[PDB]
Number of protein chains: 2
Amino acid sequence: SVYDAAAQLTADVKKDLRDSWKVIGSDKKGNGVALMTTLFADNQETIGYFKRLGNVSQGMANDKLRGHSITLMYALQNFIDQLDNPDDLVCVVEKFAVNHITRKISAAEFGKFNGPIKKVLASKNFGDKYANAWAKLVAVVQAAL
Amino acid sequence: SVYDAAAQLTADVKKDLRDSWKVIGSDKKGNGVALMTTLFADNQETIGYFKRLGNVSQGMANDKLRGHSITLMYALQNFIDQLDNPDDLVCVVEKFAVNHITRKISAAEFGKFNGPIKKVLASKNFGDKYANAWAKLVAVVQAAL
Ligand code: HEM
Ligand code: HEM
């Protein structure tokens, strides 16, 4: 149950999520593109899902990839803002899941995003503890897929 | 031309958008639902598009509607944050349009949102000047449909 997953977000986890987000969420365009590029670099098999974005190897220069990257960050912003109210976190997560389910994205595939997040966090000096906190937030979405 | 539409967002318009957003964007859940219910009350002919959300008449009590309403506000948040850079504003507006275009929503359909926005702004003491500023932002999205 998505609600049960939301329980893993204890006070210390929510704190690490907010503190780290204050940084990685402060440069959505730069960090958003870094996440996407890292995803394509380490998981080439996921490139096929984003054919609409054109040539993703262009990075920042690709307007379509840039628009998708910036927008992706606002979905994370939404999750972070709803942390203190499980009911709101749950309804936004389920809404979010709808489009991804239609694209046939399984819970395991979605889990591939954990790697990119871990590296982006590290680039900002946030270690394993923070990556584990984010893995738990990602787990909430997986509970809905 | 989306770019010519975006060029209509002058210093004064951007300032008015920011000032009004500071207030309405501070309660995304409340104002988001108010916007959606005003849309359904004033333009019943649009309800058919949100069949997945169930009984939208329930307002805040409808979890699906609540999740959608909060999420909608983050798209507006995204647009406001890109006001400094027209190139970034345009790329997120076009990314945003993709799903609506797939749903067959036309520019005429999208312009119906001007009414609900004007009414919500007014309930917060923001008059004509602000409603006109938001209509210019909506025109940018329309140019992309
Ligand atoms: C932190 C994780 C993720 C977040 C926050 C996220 C966010 C988003 C957002 C906000 C959209 C735009 C609205 C929509 O159409 O759904 C989107 C689109 C999409 N996402 Fe996700 N996503 C995530 C992970 C993934 C993963 C791991 C995959 C697949 C490997 C995936 C595949 C897609 C695809 C194919 C699209 C459509 C892109 C297009 O064709 O323009 N997403 N995602
Ligand atoms: C200021 C204007 C609007 C904003 C900011 C907005 C924002 C959003 C967002 C963020 C989503 C979720 C991502 C996606 O699926 O694309 C969405 C979904 C949707 N929008 Fe829009 N939208 C706007 C106007 C409209 C209008 C006027 C219509 C139709 C007349 C419409 C119909 C839909 C539908 C049917 C969905 C899917 C709802 C669901 O099943 O969850 N939107 N919109």
Side-chain angles (χ1 to χ4, degrees), chain A residues 32 35-36 39-40 43-54 56 64-65 67-80 91-117 120 134-135 137-138 140-142 145, chain B residues 32 35-36 39-40 43 45-54 56 64-80 92-117 120 134-135 137-142 145:
Chain A
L35 282 170
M36 292 307 295
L39 176 67
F40 302 138
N43 294 81
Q44 298 91 158
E45 76 278 9
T46 67
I47 297 179
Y49 281 115
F50 301 88
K51 169 173 179 176
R52 194 185 76 70
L53 302 186
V56 295
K64 285 189 178 62
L65 177 57
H68 170 79
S69 296
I70 292 178
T71 308
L72 178 154
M73 296 298 277
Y74 282 98
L76 293 176
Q77 178 74 61
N78 187 337
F79 298 157
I80 298 297
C91 76
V92 298
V93 164
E94 303 194 304
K95 148 108 226 190
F96 167 87
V98 175
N99 291 323
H100 287 80
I101 291 178
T102 64
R103 288 157 184 149
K104 320 303 298 178
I105 309 292
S106 65
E109 294 235 49
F110 200 84
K112 298 179 182 184
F113 220 83
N114 278 142
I117 290 182
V120 171
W134 277 90
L137 179 59
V138 168
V140 177
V141 180
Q142 293 175 294
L145 298 176
Chain B
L35 182 60
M36 290 308 291
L39 174 64
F40 301 142
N43 298 83
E45 73 286 356
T46 60
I47 295 174
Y49 284 113
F50 306 90
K51 222 163 295 179
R52 187 198 78 80
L53 308 183
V56 299
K64 285 187 170 58
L65 177 57
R66 200 172 63 253
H68 169 79
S69 300
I70 293 175
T71 304
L72 171 154
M73 296 295 272
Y74 279 97
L76 297 181
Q77 178 73 62
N78 184 343
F79 297 158
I80 296 297
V92 297
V93 165
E94 306 193 305
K95 161 67 182 190
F96 169 85
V98 177
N99 283 351
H100 291 73
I101 286 176
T102 295
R103 289 161 182 138
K104 318 307 293 184
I105 301 178
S106 59
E109 300 277 21
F110 219 83
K112 292 173 173 178
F113 238 84
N114 280 149
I117 293 184
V120 172
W134 281 88
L137 178 57
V138 172
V140 180
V141 177
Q142 288 179 291
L145 300 171

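Each ligand, and each atom within it, is numbered from 1 in the order the structure gives. Reminder, nothing fancy here: chain letters follow the sequence lines and each chain counts from 1.
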Which heavy atom of A/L145 sits nearest to which heavy atom of A/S106, and what is that distance? CD1-O, 4.1 Å
Is it the side chain, the backbone, both or neither of B/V98 that has a heavy atom closer than 4.0 Å to ligand 2? neither
Please list the nearest protein heavy atom to atom 28 (C) of ligand 1 with its residue and the distance rounded to 0.1 Å. A/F50 CZ, 4.1 Å
Show me which atoms of ligand 2 lie under 4.0 Å from any heavy atom of B/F110. 2 (C), 3 (C), 23 (C), 24 (C), 25 (C)
Nearest non-hydrogen protein atom, atom 35 (C) of ligand 1: A/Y49 O, 3.2 Å
How long is the span from the OG1 atom in B/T46 to the CE atom in B/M36, to the nearest 0.5 Å? 7.5 Å
Sequence neighbours excluded, which residues qualify as side-chain hydrogen bond (donor to acceptor under 3.5 Å, both in side chains) partners of A/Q77? A/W21, A/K28, A/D81
Atom 21 (Fe) of ligand 1: protein N, O or S atoms that are less than 2.8 Å away, sorted by chain: A/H100 NE2
Run down the list A/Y74, B/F96, B/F113 and name the one with the heavy atom closest to atom 26 (C) of ligand 2. B/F113
Would B/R52 count as a polar contact of ligand 2, with the cut-off being nitrogen or oxygen pairs under 3.5 Å? yes
Contacts of A/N114 that satisfy side-chain hydrogen bond (donor to acceptor under 3.5 Å, both in side chains) - sequence neighbours left out: none
Those residues at least two apart in sequence (or on a different chain) that pass side-chain hydrogen bond (donor to acceptor under 3.5 Å, both in side chains) with A/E109 are A/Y49, A/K112
Under a 4.0 angstrom heavy-atom cut-off, which atoms of ligand 2 come close to B/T71? 10 (C)
Please work out whether any backbone atom (N, CA, C, O) or any side-chain heavy atom from C-beta onward of B/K95 is under 4.0 Å from ligand 1, and answer side chain, backbone, both or neither. side chain
Using a strict cut-off of 4.0 Å, indicate which atoms of ligand 2 neighbour a heavy atom of B/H68. 17 (C), 18 (C), 19 (C), 38 (C), 43 (N)
